[PDB]
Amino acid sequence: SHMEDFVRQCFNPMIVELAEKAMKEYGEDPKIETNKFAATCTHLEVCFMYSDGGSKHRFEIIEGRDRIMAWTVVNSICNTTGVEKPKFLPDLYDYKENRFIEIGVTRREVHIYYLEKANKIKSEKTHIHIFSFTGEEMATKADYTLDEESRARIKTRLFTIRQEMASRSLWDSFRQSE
């Protein structure tokens, strides 16, 4: 398919392999559910740009690790700091603010996905931060964790990926697939 070739020539190889591993590891094949393949790569790259923002060792990356190793690091962070173990695996831990962070990338408005994720949490201790493909963002207690410039970089990247998909006439099915 067109989407698979585009994902491979758009994102960096480390990201593509981690996305492939994470999808097969949960029974989905990147060569078929190509829209979910693009979205796993996007979520991965956004998470890595986020963790790059801030100081050197501010964020402990949870996403991208294998399941049991990811939970190993959460349990370790929990017994280290004293925070409660979330029931669902988050994406980061903020050592500066002492909180796990769930990062989301949606194509249906910051209000809809923020509302869904906040209801999914049902344990309000986990900080939530949503980006969209339209430049908009919404975050818990309006606390956006990073400075304006890092978030603006993430947003720019998201919009460049959106235009690249449309240039290949892939954007439409991708926006309707979420």
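Note that the rigid core is defined as the largest set of C-alphas that superpose within 1.5 Å between two forms. One rule holds for the numbers: they count along the sequence shown, beginning at 1.
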If you line up the core and then measure how far each C-alpha sits from this form in 7 other deposited structures of this protein, which stretch comes out higher, 29-37 or 121-129?
121-129
Which has higher Cα B-factors on average according to the PDB entry: 108-116 or 143-151?
108-116
Averaging CA B factors per stretch from the PDB record, which one is higher: 25-33 or 66-74?
25-33
Can you tell me which of 121, 61, 128, 44 has the maximum CA B-factor listed in the PDB entry?
121
Give the position of residue 100 by CA B-factor within its chain, expressed as the lowest, middle or highest third.
lowest
Determine, from the deposited record, the chain-internal third of the Cα B-factor for residue 162: lowest, middle or highest.
middle
